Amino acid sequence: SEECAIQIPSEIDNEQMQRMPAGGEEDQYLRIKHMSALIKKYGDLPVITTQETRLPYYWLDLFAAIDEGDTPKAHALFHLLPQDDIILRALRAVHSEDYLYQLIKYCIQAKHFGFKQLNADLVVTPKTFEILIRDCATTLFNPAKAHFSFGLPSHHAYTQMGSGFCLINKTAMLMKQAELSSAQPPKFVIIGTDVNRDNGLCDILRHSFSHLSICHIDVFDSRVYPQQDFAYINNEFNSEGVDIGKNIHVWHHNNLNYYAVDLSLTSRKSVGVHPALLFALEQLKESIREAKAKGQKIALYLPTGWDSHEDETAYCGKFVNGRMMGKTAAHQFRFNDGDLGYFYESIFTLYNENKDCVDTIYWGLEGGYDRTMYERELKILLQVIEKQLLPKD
């Protein structure tokens, strides 16, 4: 089926992720491997693997150069890649050439100890670069209208540095290939439910994409990583984001709209789906109607983390002002399978009922670190897909 796919790294690609930090107790290798074993075992889903997609020669040669250690050969070989190759045009539409040099540089500089530690949250192996790109390849090179991909995370990656387990911003590049693959740019909408703020992806959209039409609903808790609240955004947009509702502000910069759903200020009303994701759906219910009666299409991007679950034990989702948040507060500020299952079910319903307006869906794995929590949430996620987005058997 070209209509939907589910993307995991291959054996080799996943294997070259050891020592790569996660905000949990396991490295990113175990973490992603566990999810992949589950996804392969859950019967028959349309599952694609980063080993089968072969890149053009010049990519395979930049890779090869990285392996033998010639930092000037790699630096040069990459500089001379075709400016119109599908990967690279999107890659350098969001990432500075100096960052990519420094990165290639780190991968090779890493080959000694098998790993090069940049800062507390950023490690690279020799093959980090090959995988980051072999990942970005397969998503770019595959015509799936509803893409769920399980790889290394992205919404903290900046146009110019890496931060917090993120090395490049695969989401923004995927938006790049959408502005250019379409005749008229699609109306963009992002909903990122990872409990840590999409600080990175946000900077890249203010900087390089403010002219595209993007509605970006960013759900996070200004109390965990990275401690940034509305005052911090004000200094970022050097404007003052107006309050639209449940202590949630919006900023406009040219054609980009950024909504900050802060989970501290937005607490839940006894029973019913968490107000944070009800606004996420009120705004995606509307963005669909706007683009219908205007005729344009919509590309829908879900950079989703599960550390926003109440059942997350990772420090970066649960250590709130000096102590670990507890089961009472956790249920008033985080999400439970009730909330999530409703959300995913609603999202796909809007899609199925508006395949004339909603165009592509891309869901990409950000946070969610506790093993028994994320394995349960995944089973939920796979079951809603098996029901809504797959032809029945």
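Residue numbers run from 1 along the displayed sequence.
- Across the two stretches, 286-294 and 200-208, the PDB entry reports the greater mean Cα temperature factor for 286-294.
- Listed residues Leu152, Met173, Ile248, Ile168 were ranked by CA B-factor as deposited; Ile248 comes out on top.
- Annotation for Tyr42: CA B-factor lies in the highest third of the chain's modelled residues.
- Among the modelled residues of its chain, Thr125 has a C-alpha B-factor that falls in the middle third, as given in the PDB entry.
- Looking at the C-alpha B-factors along this chain, the one for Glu11 belongs to the middle third.
- Sort the modelled residues of the chain by CA B factor and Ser182 lands in the highest third.
- When the CA B factors of the chain's modelled residues are split into thirds, the value for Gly367 lands in the middle one.
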